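The chain below stands alone, shown as C-alpha cells; this is the form deposited in one PDB entry.
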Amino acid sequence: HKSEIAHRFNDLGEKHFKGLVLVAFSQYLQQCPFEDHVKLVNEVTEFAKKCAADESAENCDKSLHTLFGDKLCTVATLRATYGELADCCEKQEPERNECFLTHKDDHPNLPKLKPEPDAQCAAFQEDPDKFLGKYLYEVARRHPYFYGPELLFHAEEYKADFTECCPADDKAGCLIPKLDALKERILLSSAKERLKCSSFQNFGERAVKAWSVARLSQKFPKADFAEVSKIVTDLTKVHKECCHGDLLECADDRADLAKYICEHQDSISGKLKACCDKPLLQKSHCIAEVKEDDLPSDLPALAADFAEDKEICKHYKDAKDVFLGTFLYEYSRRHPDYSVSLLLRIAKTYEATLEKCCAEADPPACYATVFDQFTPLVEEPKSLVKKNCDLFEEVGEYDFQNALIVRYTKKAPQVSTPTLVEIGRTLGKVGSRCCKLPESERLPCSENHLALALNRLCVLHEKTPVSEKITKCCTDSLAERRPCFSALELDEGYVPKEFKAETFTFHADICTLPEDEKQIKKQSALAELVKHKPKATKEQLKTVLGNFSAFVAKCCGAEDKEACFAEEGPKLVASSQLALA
C-alpha cells in the first residue's frame, strides 16, 4: 500500500484513529492544553482523508513518523513550554522520534484527577466527544508510555460508568466506588506496560520474548509450542511498535492478533470464548487479561525430555535459543504458581546446568538431577513473600508501607524522598493485593507486581541517577532485578544527612490536606528521619513517628492551631533526636 496513512485510516476507523491520535499527542506533549491537542488531531485526520480517496497525492507516500513529527514541530509554544523538545526538530528520521521519546516525562507532577460526582457530569451531559476526549488527554499525559490501544478501552469504561449513575439519586454512592477502582486499574496497566518498554529499551527483544513465552505458556498451557511461538512473535511486534509511538501500526497489528486468537481459540484455551464474543477493544482487553487455563491431564513427565534423555547436548549446539524456548515453554506450562521472573531464572539455570554437564564433562548422570538445582531458586522467593506477608498481615498496609520506606531508605538514602515514599507505598499496596490470595497464587502475584514497582524505581533513577548500586540492579539483568535489590544494604560509608530543623517543622496547613496527602507528609518525615539517623531501629522510628503523628492530630484540633504547632513543634524535634540515638 503506497499510502501507509490511508492504509491505517481505512483499517482503524475514524474514532479509534482520532482516538489513537489524541493519545499519541497527549503523550508526546504532556502539558499542552486540551483543545490545543484536539486541533492537531484534525489537521492530521484531515490529511488521511485525501490519501484514503487518492493515494497518488504527494506526501501521502511518506512514513507515519515523517507525517507526525512534522506536525509536532510546527506547533506554537512548543519551545516556550517544552524547551529541549523543540531541539529535536532539526533532527530527521530515524533520530527525531528517538529524540522525542527521550523527552517523555515519567514523573510529570501534574495535579491529581479529582472524582467530582456533581461537577464533572457537567461536561458529560454537555458533550461526550470532549468528556471522553478529555479523559484520554488526561491519562495519556500522566503516563507517556501507556499502552495506546488499552487506553481507548479504559475511556469507554469511563463513559459507561457515568451512564449508570450521573442523574441517579445517590450520586457518589454508585459512582466514586467505580472511578476509584478504575484509577487503580489504570496505574497497574501503566506499570505493566512501562515494564514492557523498559525491557526493549534496556535488554532488547530477546528479553521481551522469553518473558512472553514464559507468561503465555502459563496462561495457555494447552496450546502447543508453535501456537505459542506464533502468538509471542506477533505480540512482541505489537508492543515494540507501541513503545516506539507507532500507535497506528501498533493497533492494527493488535486487532489482527485478536482476530487470530479468536479464530484459533479452540486450540489455545477455553477461557477465550467469553473474550471472543465481545466488541473489539473489549475483546483485545479481555484476551490480554484472560485467566490461566486449566492444565491438561496428559501433561508429560518433564523428566525424560530434560532429565532422563540420553542425548540433550547435540540438540543445544544445533538448536540454541530454540531448544531453550522449549524448556521454558514446558516448565512454565505446568507452573502457574511461579512468577515469570522465577521462571526465567530457572531457564538461565538450564543454559547454566547444560553448559557444565554436557560440554567438558559426561552429561547423563550429573544433569539427571538438574530439576533440584532449582529448588533453591524456588525456596528463596517463597520464604521472602512468607516473611513479608507475615509482616503485612501482622501490622497492616500503612505500617507495612512505613516498614518498606524504612527498608528502602537504608538501602538507598541518596534517593530523593518522594521516590522512596512512592516505592514504599507502591510496594505496600502489592501486599494488600497479593497476600490475601490463596497461597499458591501469592508468589506469582507478589513477585510479578514487585517487578513493576522496581521497574518504576529504575525509571525514575534513569532520569536522575544518584547511586551506582541501583544502576547495577536496574541494568545488569531483568530476571535478577529483585534478587539484586534484596541484596542491597545500608552503605557503611554513608554520611547521615546534615540535620535540618525546617524539615520536621509542621504548620497548620497540614490540617486541610486529604488523608492520602497527610500520610505522605508523615511518610516523608519518616524517610527523612532515616536519612539523618540511618542506624535507628525500625522499632525506634515507629515510636518517633507515633509521636509526630500524635503531635499533628493534637494541634490540628487546637483552637490556636498555629500557636500549638509553634509551641509543641520544637520540643518534639529535640526529643526525637534523642530518641533515635
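Just so we're on the same page, rigid core means the largest C-alpha set that superposes within 1.5 Å between forms. Quick note: we count residues from 1 along the sequence shown, nothing fancier.
Undergrad: Would 512 to 520 or 29 to 37 have the larger average of its C-alpha temperature factors, as given in the entry?
TA: 29 to 37 has the higher mean C-alpha B-factor.
Undergrad: Name the higher of the two by mean Cα B-factor in the PDB entry, 119 to 127 versus 294 to 302.
TA: It is 119 to 127.
Undergrad: Out of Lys171, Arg433, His107, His461, which residue has the highest Cα temperature factor in the PDB record?
TA: When the deposited C-alpha B-factors of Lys171, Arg433, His107, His461 are compared, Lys171 is largest.
Undergrad: For the C-alpha B-factor as written in the entry, point me to the maximum among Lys183, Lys310, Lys209, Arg254.
TA: Answer, based on the entry's C-alpha B-factors: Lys310.
Undergrad: Could you tell me which third, lowest, middle or highest, the C-alpha B-factor of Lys240 occupies within its chain?
TA: As the PDB entry reports it, the C-alpha B-factor of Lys240 lands in the lowest third of its chain.
Undergrad: Quick check for you: using the entry's CA B-factors within this chain, is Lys356 in the lowest, middle or highest third?
TA: Highest third - that is where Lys356 ends up once the chain's C-alpha B-factors are sorted.
Undergrad: C-alpha B factor of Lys554, ranked within the chain: lowest, middle or highest third?
TA: Its C-alpha B-factor, which the entry lists for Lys554, ranks in the middle third among residues of this chain.
Undergrad: Among all modelled residues of this chain, ranked by Cα B factor, put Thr81 in the bottom, middle or top third, i.e. lowest, middle or highest.
TA: Tercile = highest for this residue's CA B-factor.
Undergrad: Ordered by C-alpha B-factor within the chain, which third holds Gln92? Give me lowest, middle or highest, please.
TA: Ranked within chain, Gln92 CA B lands in the highest tercile.
There is also a form deposited in another entry; it is not shown, and the following applies to it.
Undergrad: Report the residue, chosen from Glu289, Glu380, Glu351, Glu116, for which the CA moves 2 Å or more between this form and the one not shown after the rigid core is overlaid.
TA: The one that moves 2 Å or more is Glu116.
Undergrad: Determine whether the C-alpha of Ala172 shifts by 2 Å or more between this form and the one not shown once the rigid core is superposed.
TA: Yes, the C-alpha position differs by at least 2 Å between this form and the one not shown.
Undergrad: Do you see a C-alpha shift of 2 Å or more at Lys561 between this form and the one not shown, with the core held fixed?
TA: True for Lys561: a C-alpha shift of 2 Å or more.
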